Amino acid sequence: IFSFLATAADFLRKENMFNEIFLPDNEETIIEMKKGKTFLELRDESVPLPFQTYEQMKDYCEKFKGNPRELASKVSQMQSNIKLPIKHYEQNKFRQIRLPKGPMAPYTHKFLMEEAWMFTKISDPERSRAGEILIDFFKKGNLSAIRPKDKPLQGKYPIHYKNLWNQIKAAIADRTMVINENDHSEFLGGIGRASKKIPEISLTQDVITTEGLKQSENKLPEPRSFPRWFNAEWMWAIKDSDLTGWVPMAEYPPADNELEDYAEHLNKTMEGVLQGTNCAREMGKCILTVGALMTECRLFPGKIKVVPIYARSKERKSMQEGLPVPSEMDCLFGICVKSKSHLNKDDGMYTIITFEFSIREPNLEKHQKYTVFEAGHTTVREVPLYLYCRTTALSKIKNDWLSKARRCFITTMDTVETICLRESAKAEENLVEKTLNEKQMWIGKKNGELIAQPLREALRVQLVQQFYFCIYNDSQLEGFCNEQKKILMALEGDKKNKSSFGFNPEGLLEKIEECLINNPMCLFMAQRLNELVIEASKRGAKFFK
Amino acid sequence: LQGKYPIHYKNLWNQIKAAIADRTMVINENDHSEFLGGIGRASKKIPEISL
Amino acid sequence: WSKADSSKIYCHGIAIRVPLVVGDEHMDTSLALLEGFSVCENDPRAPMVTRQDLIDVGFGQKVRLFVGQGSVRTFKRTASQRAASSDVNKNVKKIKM
Amino acid sequence: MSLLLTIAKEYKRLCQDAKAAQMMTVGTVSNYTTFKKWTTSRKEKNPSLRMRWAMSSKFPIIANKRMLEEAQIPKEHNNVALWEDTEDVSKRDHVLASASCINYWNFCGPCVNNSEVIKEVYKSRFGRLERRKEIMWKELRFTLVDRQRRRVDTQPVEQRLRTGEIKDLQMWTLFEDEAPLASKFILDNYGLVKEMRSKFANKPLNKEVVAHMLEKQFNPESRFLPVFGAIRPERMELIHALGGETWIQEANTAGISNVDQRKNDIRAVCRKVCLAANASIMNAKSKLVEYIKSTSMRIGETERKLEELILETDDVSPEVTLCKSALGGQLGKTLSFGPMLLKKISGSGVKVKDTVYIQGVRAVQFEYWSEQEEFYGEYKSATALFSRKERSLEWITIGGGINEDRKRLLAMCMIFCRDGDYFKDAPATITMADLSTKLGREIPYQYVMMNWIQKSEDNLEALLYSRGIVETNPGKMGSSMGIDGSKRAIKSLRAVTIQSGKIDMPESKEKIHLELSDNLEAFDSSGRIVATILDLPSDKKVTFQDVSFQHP
Amino acid sequence: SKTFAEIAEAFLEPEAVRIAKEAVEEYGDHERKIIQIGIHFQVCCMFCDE
Amino acid sequence: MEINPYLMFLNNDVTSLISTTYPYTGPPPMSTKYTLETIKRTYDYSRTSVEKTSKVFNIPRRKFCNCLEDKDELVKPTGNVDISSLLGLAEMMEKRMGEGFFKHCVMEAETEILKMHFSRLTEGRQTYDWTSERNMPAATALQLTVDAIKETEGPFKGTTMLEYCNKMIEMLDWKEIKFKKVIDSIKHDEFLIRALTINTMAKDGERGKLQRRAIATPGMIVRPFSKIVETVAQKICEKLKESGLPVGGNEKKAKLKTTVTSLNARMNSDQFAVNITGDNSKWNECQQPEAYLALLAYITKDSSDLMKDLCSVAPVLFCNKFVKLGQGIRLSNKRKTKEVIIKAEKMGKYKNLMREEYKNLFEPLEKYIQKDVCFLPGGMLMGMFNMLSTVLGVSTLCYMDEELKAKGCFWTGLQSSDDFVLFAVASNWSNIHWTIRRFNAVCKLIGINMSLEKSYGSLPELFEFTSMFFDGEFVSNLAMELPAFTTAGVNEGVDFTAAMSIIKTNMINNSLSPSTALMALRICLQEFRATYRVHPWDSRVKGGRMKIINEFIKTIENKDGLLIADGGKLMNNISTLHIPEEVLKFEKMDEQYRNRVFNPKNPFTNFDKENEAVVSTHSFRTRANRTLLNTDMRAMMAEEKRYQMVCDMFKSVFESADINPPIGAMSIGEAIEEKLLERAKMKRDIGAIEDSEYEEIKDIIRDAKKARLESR
RNA sequence: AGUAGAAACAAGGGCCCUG
C-alpha cells in the first residue's frame, strides 16, 4: 500500500494535481469560483438590452431553440435594404490612374549613380582601411589639387560648404579624420537646432500671449510630377562598368553530386553576368560606406568624423596575352561626413554630408537639393570638374538594411531558376542554357514598337528593380505595391477568359492614387502600369483608355 | 576499428544468420549486396543514335 | 549471460529476469538493490544514511533516507513478490456474480 | 570541502536576512521553479541589429574572472585588449571581454586530456553523417513529381520512449545522488541505464547539455510534409537533397538503419498471438493478454517486453490496434477495412438494419449507416476521396497510379458503403457454408463479399459491372475510368472522377480510448468497427529470431 | 492527457478506472473525482491480496 | 528607349512572378489621434443612440446589441448584433459536427485549466502594470501584483490558476490596497479603474496589413480569464475543417485542395463554381464581447457550474474596459524655437489652442472621458480574441436554408481572422449574385462586414489566401521569408546552423531551388563573417581578431578543420545542411584544437535553451545594457538579486534543479540542511574532512536554522 | 538647415558621466 501510494503521490506532484481539488477530504468537496459583489454588479450591467440580469440571458440561451423561418426572413430583409453592387469588369472598365501635378520629383538617393566620377588606384593588402586609402589618394595631389570658387552654379549656403571642404582637407593633412566644432559645422550639422522645453507648471496665459504657442500644424509632404530622368538611370545601370568584382562574395564549397555541380555552374554564370554592371558598383559603395559609417557611429559619437565614399573592384580579365593576372583597384567617388550620431534610440537621425565628384553639369529639376561648385579640371585629356554637395541623414535601420543589399541576387536567381526548371520539366530534358540564351522577355518600347532580348540580359532589369525597391522604400511604395496586385490578378483573369468581377473598383483606384506623392519610384511604376494596360487593351478587355 | 561501409556489412551478417536460421542459404532482399557489387561500376547508357 | 545485461539469464533461448536484491563485483551501484527494499511506516528512531552505505544493512532492517529533493522517507530491506495485475482483476471478477 | 564550508556560511548569512528566510521556510521546493522566472528577464526585438551594433564595440561579451586568472589569461597580449576588470550589472561576478579572447583560449589555452565523449553526446548527428557517407549517388533528372502531404517521422531512433520515461533516465545516468524512487521502467530496463551510465560517468562535462542531447536521441521528430517515393526516416532527414517539385537526385538508400524490419516482425508477432487467442471461444481476451505479457523480444542489444514496445509504436494496423486496445492503450481515429486504410473527414450517422436473400429465399441481416459522410482512403500506391449516402456510393475521386490498385480500391470502397444490388440480392455462387461460422464465429456479409472478391477476379469484374456504366461524355474523357482502370475510354463507369496527383492525407492530433468484444472486434463509443480479425492475412509460418515465448 | 481517465490510466489499472467512472456516473458527480475513487478501490483490491 | 518590366506579364503567368512586386528587400516603415479616431468609428459603427448610466462609475453606457437603428448605407460597417441569429448559426454548426461537441471541448479545457500553475502567465507579450502605469513584461507585473497582495493582507499560498483568479475577484471588492514604491496606498474605485485600464503598443512587428499599426496590452487582472477563453476556443477550432488559424503552411494548402476536389466532384453538369478573395474590415471594431458572452453561455450550458462562471468574466471586463491616451498633444511657436509638451489629462483644459480637427474629435468624447482614459463599453482590439472570432465566422459558412436548395445553390469556404475564401455554386449568374448577397446579409447580421475594394472574385481556380496565391499549382511567395535569411543575433556557433535549417525548411516547403539556396548560404556566410569582425586566414584583412589569428595560425597543420569564427573556410552544401560544421570537421581538427574548443571549463559558455546546435567556447552571452544605470530603477533590482541568490544557492546544492523540476513536502531550508549534512557525512567517512570541520559545519547549520526560524 | 512619416528626431542624465 505504501509503495503504491508513494508512486501515485510522486506522479501527481509531477502533474500539479496533488491538491485539495483532486484529493479533497469529505468536507472540501465543493470547489467554486468565489463570486464577489462588484463582479456580479458589473455582470448584471454588461448584459444586452432586452435582458437585465445574467439569469435571464442564461435561461434564454440554455433553452434557445432554432426557428429557421424568422432567420430566413431577417436574412432577406437585410438582403433588400443593402443592394450590394456587383460589377463585372468587362462592362465596367478600369480608367487610367491620375498622377499628381506640379514640379518634378528630384533625386533622393544619398549617393550619385550616373553623374558620379571616381578616382582609382591600385590596392595594397597592407593598407586596406578607409582612413588609410583616404590619405593614399590624398598624397598624389589630385584630391588636393581641387580648389572650388565662391560662385556656385546653384544651391544655398555655399560659404559653409566651402569652409567645410577646406577643414576636411586640413584634417586629412593632419592624418586625423576629425573636425572641430565651429559656427559653420554647427549650422550644417544642426548641432543646436533641437527645441528648448517649457514645463506647463511654469506656464501662464501671459507667456502664451507673449509668444504664440499653438498646436504644431503638421506640414504633410506636397505633390510632385512624373520624373523624366528615371529611364536614363535605368538604362545606364544596365551596361558594364569596365570592371567587375564590385560586390564581395564568398567562395564555392566542394561538390559530390550532379545537383551541386548544376547549382554552382548556374550561380557562376549569373554572378559573372551581374558583377559587371553599374548598379553593382553602387551596391558595393553603399555596403562599404554604410559599414564604415556604422562602425564610426558606434565608436566615435559626439565627434564629427570624416568617412570616404569608396569601393573595391578588379579589372576585367583579358586573354592570356599581355599582362596576365589582372590586378585589383580601389575607387573613390567622394567624401562623407557624420555629425554626432548619438543614437539613443532606434529610428533616430544623425545628419551627414556628401561631397561627390562629377564631370556633368546639373539640372534644376533633378539636382535641386545639391549645391554645385566649379572646382577645376581633371584628366582621363583634360575636362572641367564639378562638385555636387548636399545634406541628409540616416538611422540604424537604413544602415543595417543597405549593408544587407545582396538579397536582390537571391530574388533574381529564384525567378530565373524557376523559369528554367519549369521549361525543362515540361519536356523532361536539360533546358537551361537554351532558356537563358533564347527565351525572349519584353523589356520596353522604342519607336512605338516592342523590344525584346534573352533572359540572360533581362536579369539586369529585375536586379535594378529590386535595388530600387531597397533604396526608395517607404510607406508610399509599400501601399502602392500592396494595392496593385488586384489589377494584375484581373489582368490574368482577362488573359484566360475568366469573367472576373468586383464590388467597387473606383475606391481601389482612389486608394492607389492616395499614396503617390514625391516618391519617384511609385510615379514611374504607375505610369508604366498604365502603359501596360494600354498595350494589353490591344489584346484584352477590362480596361478603358 | 578501420573500415569504409560498416553498416552494410553488419546488416548483411544479420541477414546471413537469418537465412541460415531459415534453413535456406538464399537471401531475398537485395540492397546491401547490390550496393557493394555496384560500387565498382554502375550507371546508365545512352544510345549513340540519340546523341 | 553477459556483463552488459546482468539482469537476464538465457536458457534454451528463453529469457529469465533475475530480481535485483544483491550486487556482486560486476554490479556497481544501488540500482541492483532496489528490488530488495520497500517503503514502510516512518520511524524517526532508525538512522539516516546515504545511498552507498545502503548495502551494509541487514535483511529485515529499517532505515531513513533522502529521496530526490525535499523528501525523506523510511525504507526496509524486505521485498513484495506480487504486482497489482492479479490482486485487482480477481477481486473484480468476484463482483460480477 | 572548504567549498562546502563556504556554502554553509553563505546559507547562514542568507538565513540571517528576513525575506530570504521567509521564502526558504514557506511553501515547498517547487516554488524554486517560480523564482527562476522572476529573475533575469530581458528580451530584444531584432537581435541581429543589436548584434551588429554591439560587436562593433570594444568589450561586448561577459565572462568569468577566476577562470581567467587560473587559466593565466592576460590582458593586452599584443597591444590588443582581451578584457578589463569590471562587473556586469546582472551577474556581479562576471567581467567584460572581447571576442578575440575566444580565439586566444582556442589557440594557447588549457587543453583537456580527451574529448571523444562528444561523439556520444551528439550520437544522432554523427549517425546522420555516417548514413550520408554510405550512400551511392546517381544521375540527376528533371520532371514533375506527385508529392503527397502526410505526417511522418524524420529522425531514426531506436527504443522510442515517452517523456515520463526520460525525465527519470536523465537522472540515474547523470545526477543519481538526487534520484527519485525507482520506477518500473528502470527495474525493467537495467542494462540500458547501465550502458548510458558507463560513458557519462567520472567525466568532466556540462550535464544540462547531455540531457538535452538525450532528449533529442529519444525524440522522433514528427512533421507534416510533402513526400514522394518510399517512406523511411533515413530519407526524410535529407529529403531536401533527393527531389523537389521539378527535379530528382536519384540515390539508393535501402540498406541502412534496419528500421522497418523491427516493425514487420512486431506485426507478425501480433498477428500470431491474435490468431492464437482467436482459437479460443470464451476467453480470447485473457488468453491474448497472457500471451502478451508472457512474451519478449530483443532490440539491438537489449531485451524489451512486448507490451512496452506496443504502447510506443504508431503502426496503424488491424493487429496492433487490437493489442493496444486490450492493454487499454489509447490511439488515433483511424479505421481499417481489410488491407485498405480509411479515415473519416466529416459527417455522422447511425446503424440500421436490412436483409438480403442469399439463394432463393434466405434472409440474412446486414447493417448500414443512415447519413451522409466523407472518407479518405489509401490502398497500395492509390488514394481516393469518396462519400456515402444511405447505402449508396454518392461520388468518388482517385489520384493513384495503377489500374489494378485503382479497381481493388474502388471495389472495397463500394463494399464499405454497401452500394449495389448484390447487397440487395446476393449471387447464387455464395452459399450458407461460405456465409460464416468456420467453427461458430459469425461473419457479416461485408467481409463475405470481401473474400468472395479476393477469391476470383471475375467476381471483382461483376461487382464493378454492378456500378452504372455510361458513355464517356466529351471533355470528361480524361476524367474517366473504364473497367480495366484506364484513364480514358469511350464508355466509363458512373459517378467517378480520376486525376493525376495523389490526395493530401488529412491530419488530426486526437486520441480515443476504445474497447473490444469477446470476438475481437473493437468499438469506439458507437456501433462502428475500427478493426477485427477478418481483415488480416489468413495465416503464414515464420521463424522469429531473438524472441522469448515464455508460455506453455 | 486530454481527459482525467487517460491520466488515471498512467499509474492505475484500466479496470478500476472504468469502475470508478461507472460509479461517478451512477452518482453523476464531477469526473475530476475519478482518481480518488479508483485509488481507494485499488487499495481495497491489494488489501484482499487473495 | 523606354523601359517597362511589367511587360513580362504578357507572355508569362502572373503568380510565378508576383514575388517581384513585394518590396521586402528594404526597410519597412514605423498616439492619440489614431486612438480618438478609432473610438469615434467604434461609437459610430454602433448604429443607434440608446444609452444607460453605470451605477458604479456614473458614466453613459452605449449599448449596441440587438438595438439596430439607422439602416442606411448598410454596405458600410456596422457593429450591431442580433443574438438570435448568432445562436441559430451556433446550433446549426453543432448539428453539423454532432451532439456532445461543445461539452467535449469544454471538458478538454477544464482538464487543463485546473492543473495549470499560475507561473505560465510570465510567457507572452508585455502587459500594463497597474502600479507604475507602464508597459513591463509579464514576469515583473506578476511579481509586483503578488508582492502587493502579500504586503496588503498576507502571502499568496496558492499554486494554481483557480486560486489566483479567486484572489483577483476578492481584490475587486477590497477597500484599501498597498504596494511597493520609492509604499503608496489607494482606494477601491481608483484600483478598479486602473485594473480595467488597457494600454496600446505600436510594435506591429509584421508588415502584413499596414492598417494594423498598433496592438493591445491589458493588465494582469484579465490575463487568466483570457487564457481560459482562448483555450476553449482553440479546442473548438481545431475540430473544424473550415478554419486554418492554428495550423500553418502545408495544412491549409491540403485543406484547400481537398475542398476544391470535393467541390468539383459534388456539383453536377448543370452547375458552375466561383471563388472569392475576402478581406474583412474593422474586424477588431465590430466583434462585440456581449455576443461572445451570450455564445459562451449557450456553450457552457450542459457542463459543470464552474466553467460557466469563469468564461463569463473576460467578456464583461471587455464590456467595461478603459483605454489609455498616449503622449498627449505637442505645442510650439511659429519659429518652432520653443516647444511645450502636454499630456492627455490636460487636453480638456487647453482645448482652444488646438486645431479645429482635434476640437471636433475631442469635445464629443468629453463625457465618456475621465483622467487620461475613455470609457469604451464595447468593441474590441487587436490580438485579444482571434480564435473566438474565427469560430463566430465559420458559423456562417455552415449556413443552409430551404431557398438555397430550391435553386440548387450552396456555398462553402475557409476563413481565418479577418481573411476568408468563399466557394459558391449555382446554375446561373443571376443566382450566384443572389447567393453572394445572402451570404453578405447573414454576415452583416453578426457584425461581420466585408471590404468592397480589397475583395474580388473570378472563376474557380484563381484566388489568394494569406499572401499565398493559388492556381493549378501553388506559388511560394518566397519573399515572406526573405528576412529569415539573416543571422539571428545570438552567438557564433548557432546562427550558422539556424540559417542552414531555415534554408532546408524553405527548400522543403516553399520549393526553394538549389542554386538560390547556395547563394543564400554564401550571403549569410559573408554577413556572419562581417558581423563578428572575423575573416579567413588566407585573406589579408587586418584588425583585432585577425591579428592573433595570423599570430597563432602557425601552430596548425590542417586548416580544413578550422571553424569559421577562427579563420576557417566553408565546408558545407545542399547535401549537408542538416549537419553543423562542428560535427563535419571533428574528424580533422588538430588534436590540440579539438581538446581546447570542446572544454566544459569555459569562462564564456552559457546555455540558452529550436536549439539544434553544438556548444563550445563560441556559445557566449552578450553584454547587458546600462542606460538603467542612471535611472533610479535600482530598488526593483534588489528583490531580483535576492531571488537570484536564493535560486543559485539551491542549485549549488541540488545540481539538477534545472533539468527535473523540484517536488516534495519540505521547504528549501530543510532540504538544504539535510543534504549538506548528508554530504558532510559521506565525505568525512572516506573523503578529506576532519571531525573538527564536520562539527563546525553542523554548528553553523543549526545556528542558521535557528536564525531562520526566529526571524519570523 | 535637414530627415521621414501619416509622428518623431535635430542628445540625455546628474562643471562631470552615458548610448
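Residues numbered from 1 in each chain as written, not as in the entry; some residues may be left out. Chains lettered and ligands numbered in written order. Part of a larger assembly, values for the part shown. Heavy atoms only, no water.

Listed as the method for this PDB entry is cryo-EM; the listed resolution is 3.8 Å.

**Considerations on the overall build of chain B**
In plain terms, the rule: Strands are runs of DSSP state E lasting at least 2 residues, helices are runs of H or I lasting at least 4, and numbering of each runs from the N terminus. Put simply, the radius of gyration uses C-alpha atoms, and a globule should come to 2.2 Å times the residue count raised to 0.38. Each residue gets one of three labels from its accessible area relative to the maximum for its type: buried under 20%, exposed over 50%, partly exposed in between, using a 1.4 Å probe on protein chains only. Surface accessibility follows the Shrake-Rupley procedure with a 1.4 Å probe radius. Residue values consider only the protein chains on display as shielding. Charged residues are defined narrowly, with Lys and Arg counted positive, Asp and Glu counted negative, and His plus the chain ends left uncounted. Note that the charge is assigned to NZ on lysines, CZ on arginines, CG on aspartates and CD on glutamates.
Counting its regular elements, chain B contains two helices and zero strands. The globule rule puts the C-alpha radius of gyration for 51 residues at 10 Å, and the 16 Å found for chain B is more than 25% above it. Its C-alpha atoms give chain B principal-axis dimensions of about 50 × 30 × 10 Å. Here chain B holds 51 residues, and the buried ones make up 18% of them. Here chain B displays about 4,500 Å² of accessible surface, and carbon together with sulfur accounts for 58% of that area. Here chain B holds 7 positive side-chain charges and 5 negative ones, and the gap between their average locations is 8 Å.

**A few points about the pairing of strand β11 (residues 449-454) of chain A**
Where we set the bar: Here the rule is simple: two strands pair whenever DSSP picks up at least two bridges between them.
Summarising the sheet, strand β10 (residues 440-446) of chain A and β11 of chain A pair through six bridges and their orientation is antiparallel. The residue bridging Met441 of chain A from the neighbouring strand is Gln453 of chain A, located in β11 of chain A.

**Thoughts on the protein's contact with RNA strand G**
All names here are of chain A. The criterion, for reference: Residues are labelled near a given molecule or strand when at least one of their non-hydrogen atoms is within 4 Å of it. N or O atoms within 3.5 Å of each other form a polar contact, as long as, within protein, one can give a hydrogen and the other can take it, and as long as residues adjacent in sequence are counted only when both atoms are side-chain atoms. Think of it as three bins: nonpolar holds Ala, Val, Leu, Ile, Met, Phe, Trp, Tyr, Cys and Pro, charged holds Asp, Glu, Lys and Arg, and polar takes everything else, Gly as well.
Taken together, 23 residues are adjacent to RNA strand G, and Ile191, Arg193, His342, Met349 and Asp474 come closest. Taking all atoms of RNA strand G within 4 Å of the protein, the share assigned to sugar and phosphate is 48%. In the environment of RNA strand G, a base nitrogen lies 3.4 Å from a nitrogen or oxygen atom belonging to the side chain of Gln476. Elements supplying a minimum of two residues to the surface near RNA strand G: β9 (383-394) and α17 (475-483). Among the residues forming the surface near RNA strand G, the class breakdown is six nonpolar, 10 polar and seven charged.

**Thoughts on the packing of aromatic side chains**
Residues and elements named next belong to chain A. Here is the rule: Side-chain rings of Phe, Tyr and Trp, where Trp is taken by its six-membered ring, are said to pair if the distance between their centres is within 6.5 Å; with planes under 30 degrees apart they count as stacked, over 60 as edge-to-face, and otherwise as tilted. To sit over a ring, a charge needs its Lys NZ or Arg CZ within 6 Å of the ring centre and within 35 degrees of the ring normal.
Enumeration according to the criterion identifies 69 aromatic pairs over all chains in this entry. Seen from their ring centres, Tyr60 and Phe64 are 5.8 Å apart, and the 75° between their planes marks the pair as edge-to-face. According to the relative accessible area criterion, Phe64 is buried, its value standing at 9%. By the ring-pair criterion, three or more aromatic residues cluster together here, those being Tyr107, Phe226, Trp229, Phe230, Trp234, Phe467, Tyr468, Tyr472 and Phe524. Here the basic side chain of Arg390 rests over the ring of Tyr370, its NZ or CZ set 5.2 Å away from the ring centre.

**Let's talk about the interface of chain F and chain A**
Rule in force here: The contact rule is simple, with two residues in contact once any of their heavy atoms fall within 4.5 Å. Defined in terms of a 1.4 Å probe, buried area is the accessible area two parts forfeit on being brought together, summed over both. For this document, the term salt bridge refers to a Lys or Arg side-chain nitrogen within 4 Å of an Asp or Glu carboxyl oxygen.
Each partner contributes to the interface: chain F provides 158 residues, whereas chain A provides 153 residues. When chain F packs against chain A, close to 15,500 Å² is buried across both sides, 62% of that on carbon and sulfur atoms. Of all residues in chain F, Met1, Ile3 and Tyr6 of chain F bury the most surface against chain A, accounting for 5% of the area lost on that side. Seen at the junction of chain F and chain A, the total is 13 salt bridges. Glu271 of chain A is the partner of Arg522 of chain F in a salt bridge, and the nearest nitrogen-oxygen pair spans 2.9 Å. The tally of links from chain F across to chain A stands at 55 residue pairs in polar contact. Residues belonging to the side of chain F that touches chain A are distributed by class as follows: 76 nonpolar, 39 polar and 43 charged.

**Section: the side chain of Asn106 of chain D**
For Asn106 of chain D, the location among the structural elements is in helix α6 (residues 99-108). Taking the relative accessible area as the measure of exposure, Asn106 of chain D reaches 1% and is therefore buried. There is a polar contact of 2.9 Å between the side chain of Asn106 of chain D and the side chain of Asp566 of chain F. A distance of 3.3 Å separates the side chain of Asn106 of chain D from the side chain of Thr617 of chain F, its partner in a polar contact. Here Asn106 of chain D is in contact with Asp566, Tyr593, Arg596, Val597, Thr617 and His618 of chain F, once residues within four sequence places are set aside.

**Re the interface of chain A and chain D**
Contact with chain A, which involves 24 residues of that partner, is made by 22 residues of chain D. Interface area, chain A with chain D, both sides summed: about 2,200 Å², of which 62% is carbon and sulfur. Of all residues in chain A, the largest losses of buried area upon contact with chain D belong to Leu259, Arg298 and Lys396 of chain A, amounting jointly to 25% of the total for that side. The closest approach of N and O atoms between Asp256 of chain A and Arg132 of chain D, which form a salt bridge, is 2.7 Å. Our count for the contact surface shared by chain A and chain D stands at four residue pairs in polar contact. Among the secondary structure elements, those contributing two or more residues to the side of chain A that touches chain D are α1 (2-15), α11 (258-274), α12 (279-299), α13 (396-403) and α14 (407-425) of chain A. Tallied by class, residues from the side of chain A that touches chain D come to nine nonpolar, four polar and 11 charged.

**A short note on the arrangement of the chains**
Among the 11 pairs of chains in contact, the pair with the most contacts is chains A and F. Over all C-alpha pairs, chain B and chain C never come within contact, reaching a minimum spacing of 14 Å. The two units chain B and chain F remain apart, with a minimum C-alpha distance of 14 Å.

**Quick notes on the nonpolar core**
Note the following rule: By nonpolar core we mean a set of buried residues, namely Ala, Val, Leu, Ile, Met, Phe, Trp, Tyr and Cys, connected to one another through side-chain atoms within 4.5 Å. Here the limits of each domain have been adopted from an automatic or database domain assignment.
Counting 196 residues, the largest nonpolar core has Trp234, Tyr468 and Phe480 of chain A together with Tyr122 of chain D as the members making the most contacts within it. Of the domains in this structure, domain 1 (134-160 + 221-255) and domain 2 (161-220) of chain D are the two that each give at least three residues to this core. Setting aside anything within four residues of it in sequence, one finds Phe480 of chain A in contact with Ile512, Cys515, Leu516, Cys522, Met525 and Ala526 of chain A together with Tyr6 of chain F. Residues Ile21 of chain A, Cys15 of chain D together with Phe102 and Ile221 of chain F belong to the second largest nonpolar core, which totals 180 residues.

**Describing helix α18 (residues 318-326) of chain D**
Residues three or four positions apart in an α-helix share a direction because the helix packs 3.6 residues into each turn. All names here are of chain D. In terms of burial, α18 is largely enclosed, as eight of its nine residues are buried. Those residues of α18 not exposed but buried are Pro318, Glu319, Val320, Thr321, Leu322, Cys323, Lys324 and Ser325. Tucked into the core, α18 has its buried residues touching α15 (260-278), α16 (284-293), α17 (306-310) and β18 (515-516). One or two residues past the end of α18 sits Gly328, with phi positive at roughly 65°.

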